[PDB]
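Protein chains in written order, with the entry's author numbering: chain C, 1 to 441; chain C', 1 to 441; chain B, 1 to 429; chain B', 1 to 429. A prime marks a further copy of an entry chain.
We put the beta carbon where it would ideally sit given N, CA and C, even for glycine.
Notes follow the structure.
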Amino acid sequence: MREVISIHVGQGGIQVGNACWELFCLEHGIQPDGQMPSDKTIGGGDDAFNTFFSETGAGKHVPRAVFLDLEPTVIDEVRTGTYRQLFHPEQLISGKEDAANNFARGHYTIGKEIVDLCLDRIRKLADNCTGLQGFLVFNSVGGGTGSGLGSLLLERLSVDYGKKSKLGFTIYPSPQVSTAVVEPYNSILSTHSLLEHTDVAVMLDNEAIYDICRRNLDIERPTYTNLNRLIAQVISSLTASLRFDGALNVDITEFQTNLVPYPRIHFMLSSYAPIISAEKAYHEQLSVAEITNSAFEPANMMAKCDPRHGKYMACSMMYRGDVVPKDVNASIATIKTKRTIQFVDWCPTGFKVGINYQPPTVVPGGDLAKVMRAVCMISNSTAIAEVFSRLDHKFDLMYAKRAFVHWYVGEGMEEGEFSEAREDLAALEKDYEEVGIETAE
Amino acid sequence: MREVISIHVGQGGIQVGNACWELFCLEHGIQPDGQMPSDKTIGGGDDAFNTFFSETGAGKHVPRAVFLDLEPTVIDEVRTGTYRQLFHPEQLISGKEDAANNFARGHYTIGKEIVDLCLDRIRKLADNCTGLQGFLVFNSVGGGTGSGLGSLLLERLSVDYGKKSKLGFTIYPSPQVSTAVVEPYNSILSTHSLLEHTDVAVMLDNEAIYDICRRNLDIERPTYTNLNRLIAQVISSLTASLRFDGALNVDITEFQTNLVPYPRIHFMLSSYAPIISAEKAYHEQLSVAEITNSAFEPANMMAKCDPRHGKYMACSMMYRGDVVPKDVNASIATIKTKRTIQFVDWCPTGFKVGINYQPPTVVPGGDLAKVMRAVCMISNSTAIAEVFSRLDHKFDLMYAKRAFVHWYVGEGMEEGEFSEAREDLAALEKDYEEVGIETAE
Amino acid sequence: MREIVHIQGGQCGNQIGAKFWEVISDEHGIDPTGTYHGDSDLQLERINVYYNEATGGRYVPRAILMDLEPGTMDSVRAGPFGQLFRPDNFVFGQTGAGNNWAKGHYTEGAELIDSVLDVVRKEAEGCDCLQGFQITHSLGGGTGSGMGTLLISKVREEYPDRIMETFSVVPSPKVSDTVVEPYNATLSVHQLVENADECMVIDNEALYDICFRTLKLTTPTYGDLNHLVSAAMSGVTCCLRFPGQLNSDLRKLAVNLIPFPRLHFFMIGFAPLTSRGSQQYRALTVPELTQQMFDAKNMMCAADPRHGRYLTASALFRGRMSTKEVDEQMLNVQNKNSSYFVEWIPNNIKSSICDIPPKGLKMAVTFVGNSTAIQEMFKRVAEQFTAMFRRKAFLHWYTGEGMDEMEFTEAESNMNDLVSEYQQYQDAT
Amino acid sequence: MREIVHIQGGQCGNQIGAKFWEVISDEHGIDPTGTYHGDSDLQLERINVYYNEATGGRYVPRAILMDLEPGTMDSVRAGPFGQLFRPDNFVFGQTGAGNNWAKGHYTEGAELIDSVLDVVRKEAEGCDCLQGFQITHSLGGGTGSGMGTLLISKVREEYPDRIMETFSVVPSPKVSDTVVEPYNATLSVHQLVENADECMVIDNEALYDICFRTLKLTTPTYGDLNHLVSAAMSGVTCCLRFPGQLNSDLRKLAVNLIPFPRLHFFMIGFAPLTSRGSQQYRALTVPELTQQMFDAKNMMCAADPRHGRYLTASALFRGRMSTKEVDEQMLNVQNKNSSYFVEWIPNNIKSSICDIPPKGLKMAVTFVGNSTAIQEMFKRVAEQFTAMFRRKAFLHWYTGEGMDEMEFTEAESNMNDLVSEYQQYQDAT
Ligand SMILES: [Mg+2]
Ligand SMILES: [Mg+2]
């Protein structure tokens, strides 16, 4: 009735996915094998797990998500891991020789190799599904298939269904921290082929995960376990409406042309809170106002792009748990109140409340403390264009020096893809350039 | 009341038979010696085993089938095997020196040697039987008696009773995989002497067994054990109506001039499913629609002849287990729905439902997983003529070179049998050529 | 006493009557064993006109079993109420028709008719003033029709005064459970247009539609379906079985239903039909059930009153109400959609009431009206017959029975003649 | 019988009516099960004009469910009194409007209207002398308005004699629960000014103000709020439901409320409203509740009588009192603040009384007056629409529905026309 499905790519990406399905399975508490601890009573009023966990004729409830990546080592760990009763073989599609972070390889070269298997799996699930709203696709501009092969993936999947929503979680090159140097190539080559195949998607950067887990989670020494846990929470709440009763169970498609008013600049930030320790869970109270005012801390901004340097457009503060329409509401007045913040005035307010009544659940072994209320500030501003500009200037020079270009030209891409894709970020620079212009008079 | 009896020939053929009676005996669970584990209660409404397992005055219930082949080594393994309490001595007739895959030998030369013993055994069983509908005859165009001696066998048995049905299971030369090279000779010499002595029969090819067991059963390295198991399932379900309650307990004679509308082109395909693993039994649900839509996968086509290259004529999707008339029914609408499929339009629909309520039983040590529902797509199309054409072209040249002909001419066949039998496949090529023509206006 | 008998063949129909007598047993509340456990003599008053007392009060059916293979005989023989039967009637076959209708009509048709018509005839002597008998098979094959054709011919000659109300299953336009259906069907229907006295259409897809949409059920089988139809076919004799302030028998029905004898293919409507929650949406009125009566979705046949025109229409009411309502809704409806009411048949709607509804419900409705919308039905089936008869597809199974094709022409231009016949009656004023 | 129906869409409104019928059930004291457990026939006397008896006394609503996604259907389906419903009406969607009003109006608007208007029409036949029906959604999106626009058009044509009293949620000036609100709103209100018969404004912030200040409550939700509003919308039919020494129906109301048909957006006041301690401060008099009646803080709408002028004013009284008081306070008040009383409408205040107050209280007050202060409301929302329509902000979500902008101009200069229209009537003497 209300389905979504997750797709996983790139090393960090399927790392995220593993964390996620660990999470949801924890949260509905269905045991890793595929059974719930106990029988399910027959009831109505709304869906349940049925969105994602797959009903069998018995205690076998597998996700509705798919793995695809050409670097097949790690995924085997899932193939080995505790959830080897959880998942399902045909759920698993991997490539042996990954891209080597040639975008053009797993996009072009090995792009040709596994696509059809992917699409068949997709047809099996969507055919298995009925009211699948949209598509959860995860990848990374690092684990190279996460850029290339995913690029073809949406490039064709969109042309397959279209009417489904594109739920885009991919990681963005951290501003000064990194993984490689061809990242310019991965990213921008992705981007010009990303945009028109993307509906909307958010940009998760890691350095924020570090700084904030270390200060706010009080973390001393983190890694992808903590990161994947954190994105696990954020996606855990970004879709609760289709999973749990909330006052305004807003929906993705609902989000689509309302958060991203124009068609073009359709990405965003997301600073979840309240992430604190057990020793800050106590020694604190964690007000709605604390999560709320705290929600707009630029230093809390969960992607390393200063909001205060940008002007907000929309903010879908979907809330978990014991939320009051009034209290949050006045907090939103407080958000109108913030002098430092500046909004795409031709969209004076574009707010959209989310009050889901389940407060958050915590993953044992985790660092986040337990609370009563969650916020997701999926918000869109002018600010985020800048780091892009760093990307196209860095890539600008490096590409000017023809660095690495032999690698890509060797695999079947043309140079005008490069300069033209730079025209692509040129245009989007005109977009964040223009939409931020205040309409005259 | 409703009897059938099985005949077994050729190396692979009696291999099949061994698998089969292993199967049925498993399925009624009568212990290998000849006894059931427990006493049989007196009841009415339908037959039971009595079709095939033979009632004694005690726990001795032998099949109603017969072994005949001139290569007597392997059959001795049955003569030795665990079921040496099962079977019965006079059930066993073999030849010492087989055909050497001279069709003309065990058909002509050694054809003369064991026939009368065969017919006497047949009279003992049919005289033992009452409402024997038809004849289960198994052989092979490879284990050479499977072609030759079987050819005389039906050639005379038909002229004995006639009114019984001819249930034809024999194997066909795999398209590119093979066993010998005289196979052209075996086959076509069989065929012109096969047709007018055959009622109807199906063509099982192996390469499909391989490819599909390895993908669908997830098999790594198969053999006649797996093959014989698989055909064991398919025949296991092709006759359930006479063994088990089903909504539309269709019958062989019922199938005869309805599936094969004309008299001539009276063979067919058969892609059974659902053959999956224990790890796909879970991680799956196996819908009626899945077996159904899956039933027409050309890649699932259990004989290496593309259905999509042919136009279907009939499809007797007899079903095991919890089947719904409606659900399947709408699936059949879905089958009318399939644009790629094209039907002998002068037979617009010729469908014939089979809904037997027993879902399948599994053989321990097997690779197939357990399910709730079985399909047998005994269907007839235009497609299958082509591989025949390969047979007559291959055989065409080889025979043109007079290859091996000394072997056969040495044993008492004439050349006009060869060229004329090529006229036989000429005519049948006109038949698949003509019946596929769409009636004018 | 206007008592009647039942005869069933048919791949399904053999099951159908099983459910039927089952239902009647419920309405007579007699134990499976065959003795009465009910609470009014009224069940016993007119019990005989379906049942038969036995020495010791074994209460038995006036049913006749048709089959060409004992499995069904064992099946219902394995049936609850099976001890309510007479072992005599278990007249079956050793072969099966294979549904080539010539097989079940000449081959096995001529093979086993005799023992049937004999014992049936013994039932004929068992009947004091036999109003009739109820046959059941399907109109697409031979498992019923194979022999039932011979039944209608033989008894029809043997009893030219008795009523022959014939229900047999019609192949739905969409789903072809067999492709030899046009041929069995056409060959039969040639006979049935001549020999059968009453007929009502038996689609499956309608019954699915009822179970799934209006029953709101997901799991269709036969048995429920035969519940749905033996509901109606069980209602039909109610007045004939029980008092009614406005009574009408099959003679009053058909004579009050048919203008010309070629029109005894009738469509059917029975109701109410809800799932459990519905009563807590709605309640029962005569006007309500009326508002179902003219529902194409209850129109359980391949013909559309929405496309055709009511040549005739009638209502079978069992319950306790005020006919002052009943008629009022009647005439009201006969106006409201006058256009689908054929013209020169004034008051083409006609009435009835049984003092008791069926068990469990307080009021009963039944509609066996007769439009002419069936023309698409015969046109279809004749069409498919036409196509493959151009091809002679599976003629070889057929001529192997040793019929002629000219018979196929006979039922062919025959059945077309009946269709156009309905065209002129529909197209006239 | 002047019975009426309810139809609710709306992200909230679907909940609202849930509370509403809940309240009416209390005032009829019938069990959740659907049978009466009360103490006077008076609850049964006029019960039908909202309810419907069922076979067996299932007492049911004349409600109509609107939704584009079943969750609410499950929600209230999970509702206490849920067994007091009819499963029939659970007419919802498989998609949701996403609140692009074109989506809920063309896309899904045209998709699911048919099944609604059919079954609703079946309710229309279920209504003997239908006074009307009650619609509910919100005026800022599509979860209600998406389709409810189509409802008002369709039934309005289908029943040009029936009353259409429309309550839908108005976006408060401060808090923008969505930014597409000006566009959904404006596009709707174009329709509603033409097609709807009665409308009363539904702000949230007023309801907050009531709960927090005058209710003295800290914890606001919807459900309490719908209690506060279904209190009034429940009061409205009281005389129509129950005797009254001074009775007036919606026809007498609107005809006695509106000078010109474009003025059926009305503001609302209901009372008393205390927290528990208040009664031990104060007691109840007609003059007292009067002293609340003209309270801007009970003025539950974005318009200020303190800023605008009462074009009209009225009082809905349920209880047992002396009208000699009632009128006296009436005229007294019509003088006391004459300036906010429009001039050439002599006795612009008008009266009523119901012999019974609502349950639990002894006297009832309701005020649905109509000033023209709403001009700031439309001016605001039109203003924001103006700004982002300069920007075309989220036009792409919009034109993706395949509307034109010229429609936006139509509701635009439209709605401005209505505003200035209220200006001249306010600015005149
Ligand atoms: Mg990789
Ligand atoms: Mg041999």
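Query, Result
"Beta-carbon spacing of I7 (chain C), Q133 (chain C) below 8 Å", "no"
"Ligand 1 heavy atom lying under 7 Å from the CB of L70 (chain C)", "yes"
"Separation of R320 (chain C') from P184 (chain C'), as counted between CA atoms", "37 Å"
"Secondary structure of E441 (chain C), DSSP reduced to three states", "coil"
"Of the residues B:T366, B:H396, B:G109, B:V49, the one placed nearest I152 (chain B), counting alpha carbons only", "B:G109"
"Heavy atom of ligand 2 within 7 Å of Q15 (chain C') beta-carbon", "no"
"Three-state secondary structure (DSSP) of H8 (chain C')", "strand"
"Chain-ordered chain C' contacts of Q91 (chain C) [CB-CB under 8 Å]", "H283"
"Three-pair Cβ contact test at 8 Å for the region 205 to 223 of chain C' versus the region 412 to 424 of chain C", "no"
"Distance cut-off 7 Å: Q11 (chain C) Cβ against heavy atoms of ligand 1", "yes"
"Status (buried if at least 16 other CB within 10 Å, exposed otherwise) for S236 (chain C')", "buried"
"Partner residues on chain C for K280 (chain C'), Cβ-Cβ distance less than 9 Å", "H88, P89, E90"
"Spatially closest choice to residue 430 (chain B') from B':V60, B':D67, B':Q334, B':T72, by CA coordinates", "Outside the modelled stretch of chain B', which goes from 1 to 429, sits residue 430 (chain B'), for which no answer is possible."
"Secondary structure of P182 (chain B), DSSP reduced to three states", "helix"
"CB of residue 444 (chain B') within 8 Å of CB of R251 (chain B'), strictly", "The requested residue 444 (chain B') does not occur in the structure, where chain B' is confined to residues 1 to 429."
"Member of C':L23, C':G29, C':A48 whose CA lies at the smallest distance from the CA of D245 (chain C')", "C':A48"
"Beta-carbon proximity of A382 (chain B) to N332 (chain B), cut-off 8 Å", "no"
"Contacts of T55 (chain B') in chain B (Cβ-Cβ under 7 Å)", "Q279, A283, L284"
"Rounded distance between the beta-carbons of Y222 (chain B') and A247 (chain C), thought under 8 Å", "7 Å"
"N-terminal and C-terminal residue of the beta strand (DSSP E) that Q375 (chain B) is part of", "Element bounds for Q375 (chain B): not the beta strand (DSSP E) but the alpha helix (DSSP H), 375 to 391."
"Chain C' within 8 Å of residue 445 (chain C), Cβ atoms only", "One cannot answer for residue 445 (chain C) here, as it falls past the ends of chain C, which runs 1 to 441."
"Proximity of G95 (chain C) and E113 (chain C) at Cβ, strictly below 8 Å", "yes"
"C-alpha distance - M318 (chain C') paired with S138 (chain B'), whole-angstrom precision", "55 Å"
"8 Å Cβ shell around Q35 (chain C') - same chain, five flanking residues per side excluded", "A58, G59, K60, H61"
"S413 (chain B) versus B:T72, B:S168, B:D295, B:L187, residue with shortest Cα-Cα distance", "B:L187"
"Contiguous beta strand (DSSP E) assignments of at least 3 residues, all confined to the region 342 to 372 of chain B'", "363 to 367"
"Proximal residues to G79 (chain B) (C-beta, below 7 Å), its chain only, five neighbours per side dropped", "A18"
"CA nearest to the CA of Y83 (chain C'), picked from C':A369, C':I42, C':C20", "C':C20"
"beta-carbon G162 (chain C) near ligand 1 non-hydrogen atom, thresh 7 Å", "no"
"Where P287 (chain B') sits in the DSSP three-state scheme", "helix"
"Residues sharing a beta bridge with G132 (chain B'), DSSP", "B':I4, B':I163"
"heavy atom of ligand 1 below 7 Å from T145 (chain C) C-beta", "yes"
"Distance cut-off 7 Å: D98 (chain C') Cβ against heavy atoms of ligand 2", "yes"
"Given 8 Å, three or more beta-carbon pairs between the region 293 to 312 of chain B' and the region 261 to 276 of chain B'", "yes"
"Beta-carbon spacing of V141 (chain C), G168 (chain C) below 8 Å", "no"
"The region 316 to 337 of chain C: positions lying closer than 9 Å to chain B' by Cβ", "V324, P325, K326, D327, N329, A330, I332, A333, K336"
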